[PDB]
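**Q** need a 3D model of the following:
(chains A and B, ligands or ions: 2)
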Amino acid sequence: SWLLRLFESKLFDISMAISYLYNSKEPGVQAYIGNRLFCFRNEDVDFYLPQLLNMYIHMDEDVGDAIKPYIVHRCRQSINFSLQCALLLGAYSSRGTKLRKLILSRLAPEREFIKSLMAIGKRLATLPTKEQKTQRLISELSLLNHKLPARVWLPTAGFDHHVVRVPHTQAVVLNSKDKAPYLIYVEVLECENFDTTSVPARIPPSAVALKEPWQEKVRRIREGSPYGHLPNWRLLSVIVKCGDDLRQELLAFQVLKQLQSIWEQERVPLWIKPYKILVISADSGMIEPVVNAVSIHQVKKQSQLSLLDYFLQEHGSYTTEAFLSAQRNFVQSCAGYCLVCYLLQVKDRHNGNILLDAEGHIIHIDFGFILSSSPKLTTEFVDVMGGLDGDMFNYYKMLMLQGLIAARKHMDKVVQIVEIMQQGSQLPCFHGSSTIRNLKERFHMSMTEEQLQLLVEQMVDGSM
Amino acid sequence: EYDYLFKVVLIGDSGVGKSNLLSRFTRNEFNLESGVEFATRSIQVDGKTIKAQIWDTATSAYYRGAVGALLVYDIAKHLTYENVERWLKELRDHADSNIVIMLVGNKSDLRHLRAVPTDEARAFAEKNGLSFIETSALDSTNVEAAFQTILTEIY
Ligand SMILES: COc1ccc(-c2sc(NC(=O)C3CCCC3)nc2C)cc1S(O)(O)Nc1ccc(O)cc1
Ligand SMILES: Nc1nc2c(ncn2[C@@H]2O[C@H](COP(=O)(O)OP(=O)(O)O)[C@@H](O)[C@H]2O)c(=O)[nH]1
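**A** Numbers count the residues shown, from 1 in each chain, chains lettered A, B, ... in the order given. Ligands and ions are numbered 1, 2, ... in the order given. Here you go, the structure:
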């Protein structure tokens, strides 16, 4: 029995546990693994929750029942976990509807808060300008603070908490589109555990909306807040889109963390920033936005400069250390996000979907049109890197190889993420029958390091 | 020489690893991956040497010469414990009235998947006056003990 020697082994982790549960038609094996789930860290299984809950819905009933017990155990433990189970189960169904209705059968205040948010963005469809949308929103959110605090929390947050106050003056509609997404700031109170503590107490000049760093907006907002004296207090930011499908976004989130862990383990100096996604339904969702970063478009627009111009002004001369650091961050983040766009086949890449942060990193956003779905290095970027024959540009091409090489060494973990999700998906990114083929094939496991180096060079050329 | 030759049966719903209980007790091997079969190993009881003949299935010739009955129910599947009444009937109809019945709760390693109460299933043993024990072929917990008692209690 080599197999049991494997499961009993230290080699057995949450990843491989799901891998066997995904293939084995052995009911004796399925039931064994469904037991080992309880023996994992609650955090580690969490990352693969979308995977597990997707196998539950769109696979043999002999697999869903093996996962069901562990789910209901955690649903019973964490109110938050219970919530995100319901959300996922509904957004990916098109089976576990019975369980979903069980989860919702406590979460009343939270679901009220979500609906209220989603409804707010709906009514902004009439007001056709960006500015008109914001004015209604700010008054629309001012109504929210009339039933706060409440047993409400932002799942996007990395800690337990209650929502005490929402500074309506600070929120802003992000575009003029029919179902535009608004960004809101939320004051919360951190705690030991949500399940244990009951809602906080209530207590009833500033309120000016500017474009500034995160550290400062946190200060002006707290000063004007009644809850601005508790050491508990902390500010959160969430993007609320009431009409965009975030499932492909979530998928790309997992893929990004996974590439990130690989490069961090393989000790490859690459830099990417995945943003916390949340799936309310197939219709809607929320994003935990990257503060202190804006699109290259909104950067080139406000200052009317070239990217290289902005860098030198904001950081310093080529010779200043603060520029070298800012340039080094641009290269690393640029190189990593190339491989991310390559391996995922990310499309619709313009300076509107690419943020720029205070340190100098770049952060791609909006991950529709990946892989199958569909309807480059500009000179501006290459200039920031010192030019085609600058040493810092070789360093950019160098990181991709090292990055891609380390990606090959762990191709197994990455592909698993996508392959499972494709199961029973009417999603656009799984249009072609063989999508996973191109995905796997894009790693080029067959290639040598030398041939791998040639492919990187050839690919950088086609980039331009 | 071996003193006596016992014949005990392994009955119950398919999937409860009674063929694995059989393997672990005699050959000491367990396989996660999956006709009528029997196998025997001898043990020393009360200063005696006994070749316990464990039978296994996947009809009356089965219960012919049956000395002790091993009712194996899965703890992770409540329906298996439910069919014990249907398995007693099969025993009541075909099995020797003298045979000693020991209720077996296998797959006890599945602690987090327990569907059958350890205390309750032990209560059904008293209502029927039969010995009870929960076992696990994957870690060999209470495996040799089950036959050690059934073969000992067969006298
Ligand atoms: C899935 O789509 C998004 C993905 C990421 C973000 C942001 S936004 C931000 N901070 C910011 O400050 C904003 C960045 C540019 C505007 C300010 N950090 C993050 C992670 C926002 C959105 S979206 O609103 O739903 N659509 C959108 C598309 C293109 C845009 O040109 C602006 C918004
Ligand atoms: N986890 C676990 N699985 C077991 C145990 N005992 C048996 N199994 C599994 O249960 C499955 C069915 O057992 P099987 O050999 O078919 O017994 P049968 O129904 O009497 O033929 C096998 O694949 C075993 O791996 C146990 O103690 N723990």
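**Q** so what's the residue count around the closest residue in space to residue A:30 that isn't next to it in sequence?
**A** Spatial nearest neighbour of residue A:30, excluding adjacent residues (C-beta to C-beta, 6 or more residues apart in numbering or on different chains): residue A:66 at 4.4 Å. Heads up, the C-betas are built off the backbone N, CA and C, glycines and all. Per other C-beta atoms under 10 Å in any protein chain shown, the neighbour tally for residue A:66 reads 26.
**Q** what helix or strand does residue A:66 sit in?
**A** Here residue A:66 is covered by helix A:61-77, with elements defined by DSSP states H and E.
**Q** list the contacts of whichever strand or helix holds residue A:452.
**A** Assigned by DSSP H and E, residue A:452 falls within helix A:449-463. The contact list for helix A:449-463, computed with C-beta atoms under 8 Å, 6 or more residues apart in numbering or on different chains, reads A:338, A:342, A:376, A:377, A:397, A:400, A:401, A:404, A:405, A:444, A:447.
**Q** what's the burial count for the first one?
**A** What it means is residue A:338. 25.
**Q** name the element it belongs to?
**A** Going by DSSP H and E, residue A:338 is part of helix A:321-343.
**Q** right, and the helix or strand after that helix?
**A** strand A:354-357.
**Q** residues in contact with that next one?
**A** Against strand A:354-357 from outside (C-beta under 8 Å, 6+ apart): A:273, A:290, A:292, A:293, A:294, A:295, A:296, A:299, A:362, A:363, A:364, A:365.
**Q** paired strands for that strand, with orientation please.
**A** strand A:293-295 (antiparallel), strand A:362-364 (antiparallel) (DSSP bridges).
**Q** how far is the last one from where the chain is centred?
**A** Translated: strand A:362-364. 12 Å (C-alpha atoms, centre = their mean, to the nearest Å).
**Q** now stretch A:377-386, how far from the centre of its chain.
**A** That offset, for stretch A:377-386, works out to 27 Å (C-alpha atoms, centre = their mean).
**Q** and the strands in chain B?
**A** Assigned by DSSP state E, chain B shows strands spanning B:7-11, B:37-45, B:48-56, B:68-74, B:100-106, B:131-134.
**Q** and chain A, which of those is closest to it?
**A** Between chain A and the strands of chain B, the tightest spacing by C-beta to the nearest C-beta is seen for strand B:68-74, at 9.1 Å.
**Q** need the contact list for the residue of the stretch 1-150 of chain A at minimum distance from ligand 1.
**A** Proximity of the stretch 1-150 of chain A to ligand 1 (C-beta to the nearest ligand atom) peaks at residue A:121, 10.6 Å away. By C-beta under 8 Å, 6+ apart, the contact set of residue A:121 is A:137, A:179, A:180, A:181, A:182, A:240, A:241, A:242, A:243.
**Q** what do you get if the cut-off is 10 Å, keeping everything else the same?
**A** Going by C-beta atoms under 10 Å, 6 or more residues apart in numbering or on different chains, residue A:121 touches A:133, A:137, A:140, A:173, A:179-182, A:240-243, A:284.
**Q** separation between it and chain B?
**A** Separation of residue A:121 from chain B (C-beta to the nearest C-beta, to the nearest Å): 42 Å.
**Q** give the closest residue to the residue of chain B found nearest ligand 1 in space, chain neighbours not counted.
**A** Nearest residue of chain B to ligand 1, counting by C-beta to the nearest ligand atom: residue B:112, 37.8 Å away. Closest residue to residue B:112 apart from its sequence neighbours, by C-beta to C-beta, 6+ apart: residue A:38 at 4.1 Å.
**Q** so that neighbour makes contact with residue A:71?
**A** No. Between residue A:38 and residue A:71 there is no contact under C-beta atoms under 10 Å: 11.1 Å.
**Q** what touches both of these two?
**A** Shared contacts of residue A:38 and residue A:71, counting by C-beta under 10 Å, 6+ apart, come down to residue A:45.
**Q** between the two, which is the more surrounded one?
**A** More crowded of residue A:38 and residue A:71, by other C-beta under 10 Å: residue A:71, with 24 against 15.
**Q** which residues of chain B lie near chain A?
**A** Within chain B, the positions lying close to chain A (C-beta under 10 Å from any C-beta of the partner chain) are B:15, B:17, B:20, B:29-34, B:74, B:76-77, B:107, B:109-115, B:138-139.
**Q** just the ones of those residues in helices?
**A** With DSSP state H as the criterion, helices contain residue B:20 from among the residues of chain B next to chain A.
**Q** I'd like to know which of the residues of chain B next to chain A are buried.
**A** By the neighbour-count criterion of 16 or more other C-beta atoms under 10 Å in any protein chain shown, the residues of chain B next to chain A include these buried positions: B:17, B:20, B:30-32, B:74, B:76-77, B:107, B:109-110, B:113-114, B:138.
**Q** ok, the nearest residue to residue A:190 once chain neighbours are set aside - how many residues close by?
**A** In space, residue A:190 comes closest to residue A:161 once its chain neighbours are excluded; the distance is 4.9 Å by C-beta to C-beta, 6+ apart. Using other C-beta under 10 Å, residue A:161 has 23 neighbouring residues.
**Q** from what I can see residue A:161 touches residue A:199, true?
**A** No. Judged on C-beta under 10 Å, residue A:161 makes no contact with residue A:199 at a distance of 11.3 Å.
**Q** next, show the common contact partners of the two.
**A** Counting by C-beta under 10 Å, 6+ apart, the contacts common to residue A:161 and residue A:199 are A:152, A:189.
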